[PDB]
Amino acid sequence: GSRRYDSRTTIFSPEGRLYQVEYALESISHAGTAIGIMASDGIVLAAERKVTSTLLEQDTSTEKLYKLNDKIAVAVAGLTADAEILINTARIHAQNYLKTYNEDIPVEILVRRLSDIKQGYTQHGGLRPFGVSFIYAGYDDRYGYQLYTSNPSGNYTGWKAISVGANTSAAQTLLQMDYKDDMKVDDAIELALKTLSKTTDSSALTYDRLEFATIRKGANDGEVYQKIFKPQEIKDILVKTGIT
Amino acid sequence: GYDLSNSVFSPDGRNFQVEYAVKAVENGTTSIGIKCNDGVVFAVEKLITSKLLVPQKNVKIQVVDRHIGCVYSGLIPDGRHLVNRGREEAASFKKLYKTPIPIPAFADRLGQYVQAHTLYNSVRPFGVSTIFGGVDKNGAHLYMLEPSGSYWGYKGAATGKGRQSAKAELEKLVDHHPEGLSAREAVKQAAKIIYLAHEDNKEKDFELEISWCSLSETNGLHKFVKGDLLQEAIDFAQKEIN
Amino acid sequence: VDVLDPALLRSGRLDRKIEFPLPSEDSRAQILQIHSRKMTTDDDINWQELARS
Amino acid sequence: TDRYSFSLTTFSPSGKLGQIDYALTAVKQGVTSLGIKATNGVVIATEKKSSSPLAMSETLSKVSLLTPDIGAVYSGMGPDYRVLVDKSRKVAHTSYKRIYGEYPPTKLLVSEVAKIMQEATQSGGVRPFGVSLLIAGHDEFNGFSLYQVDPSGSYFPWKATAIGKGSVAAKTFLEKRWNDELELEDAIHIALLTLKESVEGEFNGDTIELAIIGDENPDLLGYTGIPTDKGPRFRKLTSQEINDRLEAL
Amino acid sequence: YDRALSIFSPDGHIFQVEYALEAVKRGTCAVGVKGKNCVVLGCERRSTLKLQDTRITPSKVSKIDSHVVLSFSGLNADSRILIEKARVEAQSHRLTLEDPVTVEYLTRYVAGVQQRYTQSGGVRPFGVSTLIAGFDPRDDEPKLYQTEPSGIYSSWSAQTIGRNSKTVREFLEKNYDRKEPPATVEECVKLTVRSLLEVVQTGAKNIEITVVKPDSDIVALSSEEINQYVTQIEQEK
Amino acid sequence: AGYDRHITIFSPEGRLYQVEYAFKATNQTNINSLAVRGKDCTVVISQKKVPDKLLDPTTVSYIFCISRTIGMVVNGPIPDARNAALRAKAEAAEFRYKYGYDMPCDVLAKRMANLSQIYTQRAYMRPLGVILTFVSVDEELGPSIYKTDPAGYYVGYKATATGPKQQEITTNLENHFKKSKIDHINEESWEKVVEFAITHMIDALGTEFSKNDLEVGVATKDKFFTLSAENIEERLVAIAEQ
Amino acid sequence: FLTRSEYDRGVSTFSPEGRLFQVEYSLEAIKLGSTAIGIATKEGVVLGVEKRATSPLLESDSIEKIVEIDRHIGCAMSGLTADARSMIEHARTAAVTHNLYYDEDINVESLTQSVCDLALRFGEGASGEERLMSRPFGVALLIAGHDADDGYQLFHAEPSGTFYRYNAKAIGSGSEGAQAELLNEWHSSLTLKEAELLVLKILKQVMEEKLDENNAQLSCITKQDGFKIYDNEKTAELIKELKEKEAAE
Amino acid sequence: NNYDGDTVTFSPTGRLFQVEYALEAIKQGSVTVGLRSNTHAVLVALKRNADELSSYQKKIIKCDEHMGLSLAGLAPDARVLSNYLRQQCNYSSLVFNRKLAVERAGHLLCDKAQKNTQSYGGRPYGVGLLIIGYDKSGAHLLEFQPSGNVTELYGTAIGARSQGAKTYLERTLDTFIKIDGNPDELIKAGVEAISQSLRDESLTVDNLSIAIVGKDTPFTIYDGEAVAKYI
């Protein structure tokens, strides 16, 4: 009966290791690249779409980029269905924090909460993981700009430059050579673009295949302007950097 | 694998489990149901395993309500669960509608319970055949219920090992009496074909139990045939087979 | 006899089908006396005692 | 008992999820449907099919109404479509016509139904529904919109797309046939012409089901004397209207 | 779900506890050595990867109360569920019984936590092993405990867990003495740095040291500090 | 895995073989039906077979009264027939209670249909292996036949047949409405629709019928009745005198 | 490893043995148990356990397998000692429950019977008690005790759910070697310091180090002094006075 | 394993093998014999020690002051069934102010095994019980099997070497029925009955366990220097 046909996929291997977690990590390098590069004045989030067709509408699409709240946005890479869920879990958590303390969430706290959610699915209940990887760009006053990646196991580490998705090893090598501790946002935009031009999984790299978004201190009075760009503003800054 | 359970299906229309339940009922002892004009008359062959037994002190005909006789073959313990369930269901109907349950109603209920046990992974379809009837106010009826949850009306039904001997002799009885026969006259008939159904079972010795529900003898209640009436039946049959 | 072909279930092949049963009370007692006839015994033997036990 | 609460969808050793890979094949073993997005309207058109020719076809619907501005059309399985249309409507009323007291925008409706697919991907005792839906609708603030929700639970907006078994050929035909401004009058002739390359079947209004999310119809309003609201922007096209357009191809 | 992820083995074990111990073996290495008036937990951090934000990311030493630190080796993701239980118990003790927890009571709690996920259905053990160290309040005895994913708890004089722990354990038989700890706080720190430099190697930037003194003083020594301590050991060796 | 069709899981071919196995099990009673829409009635005829003389012929039945307006004719095993008869009854009480008019046949097609989907979506429920023909006479949609099947697919009909030899019947019905050139016979009385129905069935199945080998159910306006063997006997003589 | 096991797919499934396999495995985890010896006399019961040193850096005077249930009942654990962390709490609860309800010192046999009723509660849900376990406990106890109704009693409690009253029993790895000696050297005419010295005789043979108070611990249950854990200074004296009389040979 | 390792399945034969497996609980079981006359019941159970330093573990449980059950088979299973019998025994005393009907309680027992043989993850019990008692209809001996068969007999056994007892009871059947009013004899007939079912295991004054119930004598278990009067 039921026990007979039970998968048992949440047991350890002989290595102590969780096959389904690795299988999730294997499949995200089949989804598009999302990169974060932390400048000293802001954070650039640069994502390459995993779809493109001339009959596609990819103009209302924000299919990699989501606002969790007006100060912390994410880049998503993986199975989009599982990801959508966590995205409204996160909104629900942000607003909760805001209800009870009447103060916006720090980036430290919201990244720990999503991660614990993931942890539960691999830990028990016989479920398969939620195979998603988030690059969190956020601003808080307590520790400033903070950049973060989390993986389907549910573990996080902060980064000054990171790449997720397709060609992780590759993008990492490049980032290390062309990073400098403190940059302007423009120089970052440039670098964001440049890495995706050498890693693109089709030869061509275009605006309509870029989703691209920043968070800038070009808002006066020590505030942060979350900007998700229109693809016609992407087109100009891509001609600026001389790619196209 | 597709030949192992109940929730499986196989492209032959077979669902091998359920068919295997008939094979359980086929290890049982003969049980007949004689449908007469006035009621129903059950008898069961009860094997005497050893001379160590205390005789006439095990009833394989159990009453449900006060007017529906129930006798079953197959797995003895498994059958006792099915009867307990139909005593719950009878009692629920008696409360909710303040009358003793009709027999086409009792049929619906039991029917549903065994059918249920072919649609889940975690259950086994019961391997018993029941034979149940009595008198209600729409008249006497009789039903035989297959482990598959199949059933029909019946002017005579049987199941058991000696369903081979019994069936041929029931044809004989509807061609003897095609205008039916009396419930009193049918006590002697149930003795006769239970005795003949022990020539497929003659490695042992046995005791005959007979019970009736007929309008005209018992006032529509499910009673046992007992004392001197019961031994007249034993003698009758005993002399024909000698 | 559970290992035979369905073309040996059929009559015309082996028609009569004899089973050899595990011994019976009477049967056991007999068996013991047939071996023990060959060797020498004492005269205080009871073949029923051994066959009950 | 029951103990089916373990996922029956799992990652595959090679990656990708086997059960959703199986479901998508199934969409290309189905009927064919397409949608073209025009400037001033949206059209969806699909084939009606039945076991025998003696079966009806007016008692069957493969263009179904979610809201008075939003219809859906499928390719995939009939049984699996029927249940999700009902659930689509149920969640559209309970979470947006009770809490905002009106109908949801197309993007917002898309997303709701994408969660229902999602829990058919997660958890035990479910296997994915084997459909691909188009959800074309109109809301006021983003105008005309066309979506595609897939077996996996993602959504995609498109400018023109098709789904079903004749899909690979159909999107190639529509690539040259798409234009930057297309009128709804013109589009209607387009969709018919594409689905004529895709359907052998006797080509009448009675086998080709046409639905437009064109423009508002104050006659399907059901009341008068309110000038404030306007009628359904959806309008299901019955056999007679399609018959004139048959002759104009 | 109520089906087992723990299937008894004929060997006299459960497979999943043996699998959970390997998982701990593959984890980063932690040392614990207690002085006469301190505790010292040294831990390896892989900082080998570059452009790592280290400021914002938590050390692999977590304070669970104002005088009880927990360090860990094995599954990093899993560890955080234990740290959230343990912080919760620490308050509960003040609420209902008053005073701060004792190191022993908290260690026992952790022991029963990891234990639970063995014996229950629907769950697999945690492959995480803890070093729990600290002070009891009103007291100045360092007490250094180790709990392991078998849900077995131990006191230890000094211990090490993690990757290639055996190499450090043999060193600790020979350079730490059961009878005498090194008595200055500073020497105890350098004994543990000197131990860390066996397997960790590769410069002094992958070494992190948390020192705890009684009366509720948990401070973690920065890289700069370590740099000076390591260089001393380097020159003397 | 070797498990891939024990549960209701897609195949590499993207198909539900499990569900297909239900349709190979809708033909085990091997009964055939044909149902035709008159002008102001619906008529459905089915075969009756009894395997023995020892059953009661009345109770043997396949045409099950659900509402007092909706008849239901069952092709496939009688255990799953009954479970299908019960569920339907439950919804018919349920609709009147909450909406304050009797259940429409149209609405019974979708409820029992959606319920079928739910049995092929749980990975522990085995679908009913019964094709149901629902006959009705509605005032809002006119005379209708809705056929559901073990998948939960359904469509309307102008006439339809079911059964293993049902291909043959399809020839008769196709040829018949080809000549009339309309979906329904222009006949204003139920009598002559019973007369027509039996004629195509005699042609198709190749065997003439008797009173005790027929079972007829008729939906008129506002009531659903079954005719007894006696009323069926009258109908048969009047085919001969056309 | 990989020793033929025909059945063992259920956690209760049969087995041509006539008994469950899983229960049998539970008893095969007590032969890996650190050896616990217990000599019961009519003047007292001595529970000796080898603390077990693993390292010279392990503090072996802090760790012990003497566990107090209450003042009148002592208990010793050998086997998988994580499993005994859960049961020993339960047993201490139990005793206390009896003192609440009846204000009386609980029978040793009764108390033994209670952790057996606990020991049997492995399963996926069946019988009167709701299963909360799923794998059987792999630990055996020696519940000693003293009541003023049946005297000194000593019980060997099984993971099976069975209790056998012994007059002396050693369990653990060196169980086989211990029980040869108990059979000859035990009797009912013993006195307390001749038993005490018998615990250290048999401890000497199953010792995997050598005998000293830095890896061995004695504990008693006495009628007028209760359950008392012997400290190491006291333990030392007796170990040396064994060594005086063994050098008189 | 073809159809052998699962209590929910069937079985081309129509048995199942899981029941047969549970019937080996009887086979590995220690002999116990019950015999009743008409005024007194007696259960004679052969207790079993583990070893010499060890005691014997009782095999008769006082269920009531007119009812007792003795196990053969697994000791944990027996402890589940003994509690249950007692609860339903006290229920009848409380609710109907009435000694529990022996014949009825056999069906309560039956249905408890049946529901662990219906549902997956259950087990068939591996204990067969002999339940004697004296009610308003006189002396009774119920025989419980793992299958759940309840039978009332004049005198029966279960255990290892049960056959050897049962052939004894066929001889002495007509003897024990006719001794009435002298409880002493029926005990002597039970000492001898289990002597036949020994493997040279002897009978000591703490191995043999007698329990009786009478017209006038409540349920009592003898052991000690009580038993030696019969030995």
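Protein chains in written order, with the authors' numbering: chain C, 2 to 245; chain G, 7 to 248; chain M, 330 to 382; chain B, 2 to 250; chain D, 4 to 240; chain A, 10 to 251; chain E, 2 to 250; chain F, 4 to 234.
Note that the Cβ used here is the ideal one computed from N, Cα and C, for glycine as well.
Among the options, which one has its Cα closest to the Cα of residue i?
i, options, result
"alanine 158/E", "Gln114/E, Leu219/E, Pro137/E and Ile67/E", "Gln114/E"
"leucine 77/F", "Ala160/F, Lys62/F, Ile224/F and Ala104/F", "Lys62/F"
"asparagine 41/F", "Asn210/F, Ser205/F and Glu188/F", "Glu188/F"
"residue 253/A", "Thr229/A, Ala101/A, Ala132/A and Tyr155/A", "Residue 253/A lies beyond the range of chain A shown here (10 to 251); nothing can be said about it."
"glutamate 239/A", "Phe186/A, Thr142/A and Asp222/A", "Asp222/A"
"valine 200/B", "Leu55/B, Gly165/B, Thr11/B and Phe145/B", "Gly165/B"
Looking at residue i: is its Cβ nearer than 7 Å to the Cβ of residue j?
i, j, result
"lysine 66/D", "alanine 186/D", "no"
"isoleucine 214/B", "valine 43/B", "yes"
"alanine 96/E", "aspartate 71/E", "yes"
"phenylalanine 242/G", "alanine 189/G", "no"
"residue 258/C", "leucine 8/D", "Examination of residue 258/C is not possible in this model, given that chain C is present from 2 through 245 alone."
"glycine 232/B", "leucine 222/B", "yes"
"residue 256/C", "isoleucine 238/C", "Because chain C here runs from 2 to 245, residue 256/C falls outside it and cannot be looked at."
"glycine 158/F", "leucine 74/F", "no"
"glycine 79/B", "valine 28/B", "no"
"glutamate 130/E", "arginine 136/E", "no"
"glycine 131/F", "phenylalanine 147/F", "yes"
"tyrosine 233/F", "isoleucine 197/F", "no"
"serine 63/E", "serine 158/D", "yes"
Along the alpha helix (DSSP H) that carries residue i, what are the first and last residues, could you check?
i, result
"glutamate 173/F", "166-174"
"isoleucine 12/C", "No alpha helix (DSSP H) holds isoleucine 12/C; DSSP gives it neither H nor E."
"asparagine 70/C", "Segment 66-70 is the beta strand (DSSP E) holding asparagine 70/C; no alpha helix (DSSP H) there."
If you follow the beta strand (DSSP E) that residue i is part of, which residue opens it and which one closes it?
i, result
"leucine 55/B", "Element bounds for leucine 55/B: n/a, residue is neither H nor E."
"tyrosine 112/D", "Not the beta strand (DSSP E): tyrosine 112/D falls in the alpha helix (DSSP H), residues 106-122."
"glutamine 68/G", "67-70"
"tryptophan 158/G", "157-159"
Checklist line | Contact between the segment 117-137 of chain A and the segment 36-55 of chain B (3+ Cβ pairs under 8 Å) | finding: no
Next item on the list: Would you be able to state if there are at least three C-beta pairs under 8 Å between the segment 146-165 of chain G and the segment 204-211 of chain G?
Entry: no
Check: What residue ranges within the segment 86-162 of chain B form continuous beta strand (DSSP E) runs of no fewer than 3 residues, ordered along the chain?
Finding: Fully enclosed beta strand (DSSP E) runs of 3 or longer: 132-140, 144-150 and 156-158.
Notebook entry, point to check: Unbroken alpha helix (DSSP H) runs of length 4 or more, entirely within the segment 163-227 of chain B: which are they?
Noted result: 168-178 and 185-199
Notebook entry, point to check: Curious, which full-length alpha helix (DSSP H) runs of at least 4 residues does the segment 177-235 of chain D contain?
Noted result: As far as the segment 177-235 of chain D is concerned, its whole alpha helix (DSSP H) runs of at least 4 residues are 188-199.
Next item on the list: Tell me, please, whether the segment 74-88 of chain D touches the segment 227-243 of chain B by the rule of three or more beta-carbon pairs shorter than 8 Å.
Entry: no
Note to self: Closer than 8 Å is the cut-off here; do at least three beta carbon pairs connect the segment 31-38 of chain E with the segment 78-86 of chain E?
What the structure shows: Counting Cβ pairs under 8 Å, three or more are found: they touch.
Check: If you scan the segment 41-69 of chain E from start to end, which runs of the beta strand (DSSP E) of 3 or more residues do you find wholly inside it?
Finding: 46-50 and 67-69
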